[PDB]
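For reference, the chain that follows is the form solved without the ligand, supplied as structure tokens.
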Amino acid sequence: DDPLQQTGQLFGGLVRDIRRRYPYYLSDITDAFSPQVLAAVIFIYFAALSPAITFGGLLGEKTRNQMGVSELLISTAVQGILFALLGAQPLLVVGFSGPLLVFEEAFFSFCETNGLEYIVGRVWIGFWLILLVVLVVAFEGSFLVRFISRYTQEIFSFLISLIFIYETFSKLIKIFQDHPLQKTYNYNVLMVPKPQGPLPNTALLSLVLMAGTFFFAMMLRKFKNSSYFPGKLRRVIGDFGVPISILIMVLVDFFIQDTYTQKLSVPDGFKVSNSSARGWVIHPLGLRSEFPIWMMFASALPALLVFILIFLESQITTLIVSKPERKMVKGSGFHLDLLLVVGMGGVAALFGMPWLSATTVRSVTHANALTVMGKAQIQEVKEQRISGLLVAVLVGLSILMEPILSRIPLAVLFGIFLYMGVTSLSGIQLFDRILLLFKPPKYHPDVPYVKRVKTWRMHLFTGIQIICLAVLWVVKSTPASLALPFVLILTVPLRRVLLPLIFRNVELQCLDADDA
């Protein structure tokens, strides 16, 4: 009955994952039929787009425009549409992440030094990723996800949610750095590619738009589970909380004529960036020069790292999204979701388009957007394939809707990314126990991990996860940021060796409960 279990046959998991979810494919399509879903499409679109614009820029400037915005938008769309209509957990938002950006930057520096064609080099990384995932799905290597306890999920879920907030602020800090509050400004300033000199009222209006969008979003979330207005209208106005928050603040910026703000820049059309270097289809043997033999066999060793990055990235997100406390009746297919994400990424490499992973904050936010509330607890979750599809489609059609996106500020969306960061710490027992460090022992939740276990022991456990978070934060900040998945895997030994010595088995049953 459980999804994580080793079957005798080869490709046994993939078969059982299909026969589980595909009978509900009609019901899935019809689960989209509600206003929450439309509000979820509109919300998660900007959550899906803005990274594909941001990382698209970061790839472009870094990798001499071999991978850019045009490539990443098309990649995120095609892989998003395929995964929405096939993937066993459609709530998983397939997009490009920080850990993947770091690899492309690292692999480019490696290709640049040795004297190799980068875009061609990636094709052979992809060829191994097609072999390595099919090898794992054959023997059901996703059975290792069984041993990823709440411990590892909570640390990852919290680490990523904290980093996502630190990301959102550093963008705002960069505006104040580029556009400082000076006494005097250069009045005649070009903004052809971007403001050259500092501008007046740009950094503060950015701070205003961010603070405003975050406020409206958080106050309309409060309004949803309030007791004001009819229950029919209240939930509709609440579900369209972020859509209204963006609409208000985009119009606030629209009526401000003279003062400048940074807005969503998309490509002219659907052209590969730097057409002089590469086309659409990347020739494995080489575009210009003869790509050598030793790399075509030694493309496994980078692909092995890329696999671990995506595998730990995607499958831990699947546990967090398809958690028993979240009312997920349809199910979750770990073998099939791994096959598509990594498989399509390997095929995407052939077209010089970035491989993607199930992004945690985007996926959790997508589930949280489609989760209902009553009385408070979860009744069901609106689990469809159309929200996953429409988001991917709109990210594909993003360039054709440049005139609409051109009027939307970034400072507005930074308010929404702050919301996505705050909101993602909802059902995280770790974060809940960080709050209980500051609460005195009189005011506690009255739940097994505080009642069964002593306050001294509970804070010691909570204390180790802070030590564990602190290590993982240092690992990212240091040059070895691609090793963070291997340091996150090392949290499982900790739970299954070190803690059982220091702690009793009765307490870990409650502290690190498989289900709340």
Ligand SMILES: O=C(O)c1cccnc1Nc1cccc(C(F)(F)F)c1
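One rule holds for the numbers: they count along the sequence shown, beginning at 1.
Heads up, the form solved in complex with the ligand isn't pictured, but that's what we're talking about next.
The contact with the ligand in the deposited bound form, taken as any heavy atom within 4.5 Å, belongs to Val102 out of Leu144, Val189, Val102, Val372. Of the residues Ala84, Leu319, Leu199, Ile160, just one reaches the ligand in the deposited bound form with a heavy atom at 4.5 Å or closer; this is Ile160. By the criterion of a heavy atom within 4.5 Å, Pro485 is counted among the residues contacting the ligand in the deposited bound form. Contact between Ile386 and the ligand in the deposited bound form is not found at the 4.5 Å heavy atom cutoff. In the deposited bound form, the ligand stays beyond 4.5 Å of every heavy atom belonging to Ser27. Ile148 falls outside the set of residues with a heavy atom inside 4.5 Å of the ligand in the deposited bound form. Taken together, the three residues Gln153, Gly427 and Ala516 lack any non-hydrogen atom within 4.5 angstroms of the ligand in the deposited bound form. Looking at 377-385, 363-371, 323-331, 92-100, the stretch with residues near the ligand in the deposited bound form, meaning non-hydrogen atoms within 4.5 angstroms, turns out to be 92-100.
Taking a 4.5 Å heavy atom cutoff to the ligand in the deposited bound form, none of the residues in 448-474 make contact.
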